[PDB]
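When we count neighbours, we look across all protein chains shown, and the Cβ atoms used for this are built from the backbone with ideal geometry, even at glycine. Any read-out appearing in this document is the output of simple, stated calculations on the displayed coordinates, not a laboratory observation.
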Amino acid sequence: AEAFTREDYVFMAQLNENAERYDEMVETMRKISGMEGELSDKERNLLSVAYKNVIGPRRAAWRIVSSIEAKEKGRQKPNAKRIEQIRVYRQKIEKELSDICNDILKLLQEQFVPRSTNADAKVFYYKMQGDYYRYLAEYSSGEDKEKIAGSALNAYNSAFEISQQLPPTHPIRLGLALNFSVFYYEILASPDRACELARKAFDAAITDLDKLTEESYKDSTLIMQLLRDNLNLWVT
Amino acid sequence: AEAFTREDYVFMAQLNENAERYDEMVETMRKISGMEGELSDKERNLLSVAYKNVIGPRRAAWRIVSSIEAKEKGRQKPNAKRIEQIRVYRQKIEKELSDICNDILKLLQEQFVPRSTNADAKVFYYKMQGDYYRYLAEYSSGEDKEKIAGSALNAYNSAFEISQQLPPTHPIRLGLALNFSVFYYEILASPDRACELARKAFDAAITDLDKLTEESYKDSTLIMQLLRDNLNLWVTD
């Protein structure tokens, strides 16, 4: 008559986190995603954290094995067998990346975004979708990377359209701006768009800087704004 | 394409380590353990590195969860729902700890220590048994632990015996001393013997510190030895 409630599943997610056992954290959060309702702001962050700490170590391992492979291929007297040994290892890690990415992209598409009713929640999920597409795009090529990049672009634009409603100083809105910019520069090969989106988001945040500051420092905040004002103006 | 060879598998072991993927390291190192002969010093490190970084995370988690259990129990308003949750979770980690320990202790007792021909290697493998027995003793309870502590104490004493053949500055010897001393202190609750064993190990090493020291820094080693000597004679009185 006194079994587990939702609070108790959130607790395991936190306990998992504390123990740094993120595979289990992903499963505990998956349980909560299967439940009815919308994820709280606490629960959305636990989701993000879990999946970040599962995909994170793989991207690190991928980058290390990729770099080692680059070195072995660029040799004066290359060893085709060792090169293959590495290449096959990378491919294994690439399979784990796409599994993890695929997994969360499913949940976002089929569960989270369809069941979402809030504005800030929509932006969070659309941002997340765009991120994990960007991670797929980081080791893809050809029609795969084009198709992946296209979906990443959509997710981010959806995120970006709705993010207009939230205040310029909102973490999720700034967070989108940061990643979407990095998406333009590092994937889509678009430095202008990257530079400009980062600039505009940053400037919007600089306008409301007084809202992030205590009244104790509001005059320092103002000179900073004025410095930015003059800087913009020059460049006239 | 050609068959992988021992030298290929040592490279994978090392790739595994670079990627910080220690499950795959423990596997490719198990694969080398099955191949001909005895493990080289390089390979014994890889073996050690692999099992340490698999067990290590579990011990970290076990300590964190045990700490959280402690807090939750000593609350003004303890949460019976959580304490059951935490307990079961600790126990899951304890199982994982036990599987990892058995895996390697089994390997040591059936493969490495039997096929060991060197003194160097014998100490390393006996030390290892002591260590992984100690890790079982770390969370084991009551009567069961005592049996484990005995196995640890045995393996460590065996290590300690053959260790006397190795120089006082030899890493395996100093390594054994460190862990045996920790075993006394933390498992056997024997601070007396812990300090004696660590102190002796440490002093025999300071005596030979000239051998670890470069030619350019010998005068500093000597003043350090004389400082040690004076401290021992002064602490007396």
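Determine whether B:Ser141 is among the hydroxyl-bearing types (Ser, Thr, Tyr), assigned to a helix (DSSP H, G or I) and out of contact with any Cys (no Cβ under 7 Å at 6 or more places or on another chain).
No, not satisfied.
Output the number of residues of the range B:8-26 satisfying the condition of being assigned to a helix (DSSP H, G or I) and exposed (fewer than 15 other Cβ atoms within 10 Å of the Cβ).
To start, the set of residues in the range B:8-26 that are assigned to a helix (DSSP H, G or I) comprises B:8-18, B:22-26.
In the following step, the residues that additionally are exposed (fewer than 15 other Cβ atoms within 10 Å of the Cβ) were identified as B:18, B:23.
Residues that pass the stated criteria total 2.
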Next on the checklist: I'm told B:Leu97 meets every condition in (1) within 14 Å of another protein chain (Cβ to nearest Cβ); (2) without any contact (Cβ under 8 Å) to a residue 24 or more places away in the chain except one. Can you identify the failing condition by its number?
Outcome noted: (2)
Checklist entry - Only one of these conditions is not met by A:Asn157: (1) in a helix (DSSP H, G or I); (2) buried (at least 19 other Cβ atoms within 10 Å of the Cβ). Which number is it? => result (2)
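In this structure, is A:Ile206 more than 21 Å from A:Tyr132 (Cα to Cα), surrounded by fewer than 13 Cβ atoms within 10 Å (Cβ to Cβ) and among the hydrophobic types (A, V, I, L, M, F, W, C)?
Numbers: more than 21 Å from A:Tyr132 (Cα to Cα): yes; surrounded by fewer than 13 Cβ atoms within 10 Å (Cβ to Cβ): no; among the hydrophobic types (A, V, I, L, M, F, W, C): yes.
In short, no.
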Checklist entry - Within the range B:201-221, is even one residue assigned to a helix (DSSP H, G or I), under 30 Å from B:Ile148 (Cα atoms) and in contact with a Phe, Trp or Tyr (Cβ under 9 Å, 6 or more places away or on another chain)? => result yes
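Just give me the residues in the range A:209-225 being of a type in the set (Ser, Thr, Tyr) and surrounded by fewer than 15 Cβ atoms within 10 Å (Cβ to Cβ), in sequence order. Write out each step before concluding.
First, the residues of the range A:209-225 that are of a type in the set (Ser, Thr, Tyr): A:213, A:216-217, A:220-221.
Within the range A:209-225, A:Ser216, A:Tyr217, A:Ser220 meet the criteria.
Could you pull out the residue among A:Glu84, A:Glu69 that is more than 24 Å from A:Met128 (Cα to Cα), touching a residue at least 12 places away in the same chain (Cβ under 8 Å) and of a type outside the set (A, V, I, L, M)? Break it down into steps so the answer makes sense when it comes.
Numbers: A:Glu84 fails: touching a residue at least 12 places away in the same chain (Cβ under 8 Å).
One residue alone meets the criteria, A:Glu69.
Specify which of the listed residues (B:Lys92, B:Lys127, B:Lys73, B:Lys42) is basic (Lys, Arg) and within 19 Å of B:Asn179 (Cα to Cα). Outline the logic, then answer.
Details: B:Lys92 fails: within 19 Å of B:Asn179 (Cα to Cα); B:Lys73 fails: within 19 Å of B:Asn179 (Cα to Cα); B:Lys42 fails: within 19 Å of B:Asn179 (Cα to Cα).
Matching residue, one of B:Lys92, B:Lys127, B:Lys73, B:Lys42: B:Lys127.
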Checklist entry - Applying the selection to the range A:187-197, what residues are assigned to a helix (DSSP H, G or I) and surrounded by 14 or more Cβ atoms within 10 Å (Cβ to Cβ)? => result A:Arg193, A:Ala194, A:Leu197
Checklist outcome for this item: Of the residues in the range B:55-89, those that are away from every other protein chain (no Cβ under 13 Å) and of a type outside the set (D, E, K, R) come to B:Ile55, B:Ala70, B:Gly74, B:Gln76, B:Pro78
Checklist entry - Take the residues of the range B:87-128 that are outside any helix (DSSP H, G or I) and β-branched (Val, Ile, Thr): which is surrounded by the fewest Cβ atoms within 10 Å (Cβ to Cβ)? => result B:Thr117
Item to check | All positions within the range A:1-45 that are hydroxyl-bearing (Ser, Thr, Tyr) and more than 12 Å from chain B (Cβ to nearest Cβ) | outcome: A:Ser33, A:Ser40
Item to check | Among the candidates B:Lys92, B:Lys106, residue that is within 14 Å of another protein chain (Cβ to nearest Cβ) and within 19 Å of B:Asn53 (Cα to Cα) | outcome: B:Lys92
Checklist entry - Looking at this structure, is B:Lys200 touching a residue at least 40 places away in the same chain (Cβ under 8 Å) and loosely packed, with under 14 Cβ neighbours inside 10 Å? => result no
Checklist outcome for this item: Residues of the range A:27-65 being without any contact (Cβ under 8 Å) to a residue 40 or more places away in the chain, of a type in the set (S, T, N, Q) and crowded, with 16+ Cβ neighbours inside 10 Å, in sequence order, are A:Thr28, A:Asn53
